[PDB]
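Each residue takes its place number in the sequence, starting with 1.
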Amino acid sequence: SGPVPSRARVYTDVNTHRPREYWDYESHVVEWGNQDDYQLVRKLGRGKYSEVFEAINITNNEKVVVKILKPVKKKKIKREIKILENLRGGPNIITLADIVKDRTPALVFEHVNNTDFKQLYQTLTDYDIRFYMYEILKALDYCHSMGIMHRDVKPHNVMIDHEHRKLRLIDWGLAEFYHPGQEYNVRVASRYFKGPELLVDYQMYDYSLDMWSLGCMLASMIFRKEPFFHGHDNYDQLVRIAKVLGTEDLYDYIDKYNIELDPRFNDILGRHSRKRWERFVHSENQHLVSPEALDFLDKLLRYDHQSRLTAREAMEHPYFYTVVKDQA
Ligand SMILES: CC(=O)Nc1cc(Nc2cc(NC3CC3)n3ncc(C#N)c3n2)ccc1[C@H]1C[C@@H]1CN
């Protein structure tokens, strides 16, 4: 028989309650600005789907970030644009400032004075991790409440201007609208941030996917172990998770949802006990690890997506008490 269906624990019907124009991105008509308003200054990077530059808006002397797309499905282009426009003004979500035609579109973004990822992560105190985790959660609770899952939460998609304690969750190119009963593509996210639902080919996933990704980020930060789950491929990625979370809870999860496991998996998963978080603790990371951090980490990293904390529940955790107190 087939797998057991699933529904998001929260914000289940937020898109059902909205007019179809809000989420029917295939019918979206792109609003184009003037390409002559922007002059590229320098290259920032490149990927499979884009080339990114720093640019100057010559009408107001504003520094921007220009993402020139490579050949991508028109509906996937419309998807990223629509999600960005729906999330405009949301806390800690990057602003899409404009859209111009380069052949291909170029999305124009708000510029964040990003602190060098490796220079930043080796200076972060216990308070900073808690502070920035809290800021990512504001962005996640917001996009989830607006019926959207990011599906690509990882450190490189988080811009931090540390001097101004400013955080922006970027790159909404893999983001989707959540619809109860919809089966989504599992070939999403970066290997090391892939949820067990993706790895076992469970398609009826939801916002809880971003919470697993967040757990991966938190683990790498507090233990100073990047990446935390270091798989050699998608099959071995699950083996690395099972070596920490144990195979017992993994098979209970497979059983609960009636998941047909790939014959390849049978021989490589083996049998593993659930490890204690204390084995990743050493003299170089102990200042970042506390009983509160571990309790919060355990509640994020669950095989069963329905038993992971929501972004709102995560914000009420004791790990954030001093951050919440200081913000008032
Ligand atoms: C725009 C986006 O989604 N792609 C992407 C982003 C950056 N780099 C930067 C750098 C900064 N600021 C630092 C001072 C220069 N900022 N500030 C705001 C944004 C945005 N959005 C931003 N992007 C570099 C490379 C990529 C893409 C090609 C690679 C594929 N993964």
Side-chain angles (χ1 to χ4, degrees), residues 3-4 6 9 126 129-130 133 137 153-154 186 189-202 204-286 288-311 313-314 316-320:
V4 173
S6 167
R9 199 149 67 71
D126 176 32
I129 298 166
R130 304 184 196 219
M133 278 283 146
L137 281 169
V153 172
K154 64 182 182 175
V186 299
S190 300
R191 187 192 308 162
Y192 312 136
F193 302 88
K194 287 179 187 279
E197 56 269 58
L198 304 184
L199 302 174
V200 301
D201 192 18
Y202 187 75
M204 214 178 287
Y205 64 78
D206 53 74
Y207 317 112
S208 54
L209 177 68
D210 291 335
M211 306 308 297
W212 174 276
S213 294
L214 187 64
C216 295
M217 264 194 63
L218 178 67
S220 75
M221 289 170 98
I222 74 166
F223 301 128
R224 294 206 191 273
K225 180 169 143 49
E226 64 137 278
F228 188 77
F229 300 119
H230 199 353
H232 287 280
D233 63 39
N234 296 338
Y235 297 100
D236 186 60
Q237 188 61 32
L238 192 60
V239 174
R240 298 292 149 111
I241 294 165
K243 286 180 168 191
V244 176
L245 294 197
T247 47
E248 207 83 88
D249 285 349
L250 171 58
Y251 286 120
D252 282 345
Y253 170 66
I254 292 308
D255 191 40
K256 186 187 161 187
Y257 291 94
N258 205 51
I259 297 161
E260 255 109 57
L261 256 197
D262 197 305
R264 272 270 294 107
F265 268 133
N266 302 144
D267 308 288
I268 65 169
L269 287 163
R271 94 163 187 267
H272 301 288
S273 73
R274 187 165 55 89
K275 305 315 181 297
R276 280 161 173 92
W277 295 115
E278 6 284 81
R279 68 157 67 191
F280 307 108
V281 179
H282 51 70
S283 62
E284 310 299 302
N285 63 30
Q286 63 176 76
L288 308 173
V289 185
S290 60
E292 283 177 350
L294 298 189
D295 187 82
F296 176 51
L297 186 60
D298 167 71
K299 291 177 184 171
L300 288 176
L301 293 179
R302 302 292 173 97
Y303 287 114
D304 190 354
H305 51 100
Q306 314 265 45
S307 45
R308 299 171 195 155
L309 295 171
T310 57
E313 286 162 358
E316 298 164 342
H317 196 273
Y319 182 67
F320 302 110

Point-to-point distance, once rounded to the nearest 0.5 Å, from [atom1] of [X] to [atom2] of [Y]:
X      : Y      : atom1 : atom2 : answer
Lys194 : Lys154 : NZ    : NZ    : 10.5 Å
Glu316 : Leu309 : CD    : CG    : 10.0 Å
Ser307 : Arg9   : OG    : CZ    : 8.0 Å

Shortest non-hydrogen separation from [X] to [Y] and the atoms involved:
X      : Y      : result
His282 : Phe223 : NE2-O, 3.9 Å
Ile241 : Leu199 : CD1-CD1, 3.7 Å
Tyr303 : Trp212 : N-CZ3, 4.3 Å

Determine, step by step, whether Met133 and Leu214 satisfy the side chain to side chain contact (heavy atoms under 4.5 Å, CB included) criterion, reporting the C-alpha distance in whole Å, the side-chain angles of both residues, the deciding distance to 0.1 Å, and the verdict. CA-CA 8 Å; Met133 278 283 146; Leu214 187 64; 3.7 Å; yes
Side-chain heavy atoms of [X] within contact of [Y], under 4.5 Å:
X      : Y      : answer
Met221 : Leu288 : no
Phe296 : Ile222 : no
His232 : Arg240 : yes
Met204 : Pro3   : no
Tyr192 : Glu226 : no
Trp277 : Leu301 : yes
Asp236 : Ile268 : no

For the ring pair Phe265 and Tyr235, is the centre-to-centre distance below 6.0 Å?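 Aromatic pair counts; centres sit under 6.0 Å.
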Please answer whether the main-chain N or O of [Y] pairs with a side-chain N or O of [X] as donor and acceptor at a distance below 3.5 Å.
X      : Y      : answer
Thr310 : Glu313 : yes
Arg302 : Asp298 : yes
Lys225 : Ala219 : no
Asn285 : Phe280 : yes
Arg191 : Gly231 : yes
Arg308 : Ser208 : yes

Count the heavy atoms belonging to other residues, nucleotides or ligands that lie under 6.0 Å from CD of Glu292, then report whether that count exceeds 12.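 Atom CD in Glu292 is packed in, count exceeds 12.
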Anything under 3.5 Å between a donor and an acceptor, one on a side chain of residues 244-260, the other on a protein residue two or more places apart or in another chain? List them.
unit_1	atom_1	unit_2	atom_2	d
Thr247	OG1	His272	N	2.9
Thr247	OG1	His272	O	3.2
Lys256	NZ	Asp304	OD2	2.8
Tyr257	OH	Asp304	OD1	2.7
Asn258	ND2	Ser1	O	3.4
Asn258	ND2	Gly2	O	3.0

